[PDB]
Every structure is written in structure tokens, then in C-alpha cells.
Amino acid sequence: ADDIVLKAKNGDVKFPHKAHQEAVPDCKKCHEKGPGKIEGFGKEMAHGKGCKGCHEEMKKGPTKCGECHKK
């Protein structure tokens, strides 16, 4: 499968899967979640534990606006 880009108005956000599979061996961080996780994602989740928050907790990954968002 291909990587996906989230079309944030302020700038595209790339999500590179390979880096995540390598750095996050605990796959159940994102996979086998109960239903609702597709409908649930949004800015609040992204800037929280959906993206940014995990980067902060794991001490690696982009945490600045311009590191995630890029036109």
C-alpha cells in the first residue's frame, strides 16, 4: 500500500508508514483499535495522541508545525 497525505489546509501532512512500523513495534498503538477510529481522527487527535502526542511521549518524531505540515 501507499503512504497517505492528510490534506490539512495549512499544509499537507505526510504519514510515512515504514518509519512507523520500524520505530513503533507495538503495532496495537494504531492497529486493532475498536471501531470509530477512522471517523474519529481530526485535528484534535492529530495534535494530541494521534500524532504529536505519541512523538512527545516516545521522545522521537516531529513536534513542530513546519516539521509535519508542508505545502
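A residue's number is simply how far along the shown sequence it sits, counting from 1.
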By the entry's values, the third containing the CA B factor of residue 13 is the lowest
Of the three thirds of Cα B-factor ranks in this chain, residue 62 occupies the middle
So, residue 1's CA B-factor, relative to its chain, sits in which third? The highest
Of the three thirds of the chain ranked by Cα temperature factor, residue 54 occupies the middle
By the entry's values, the third containing the CA B factor of residue 33 is the highest
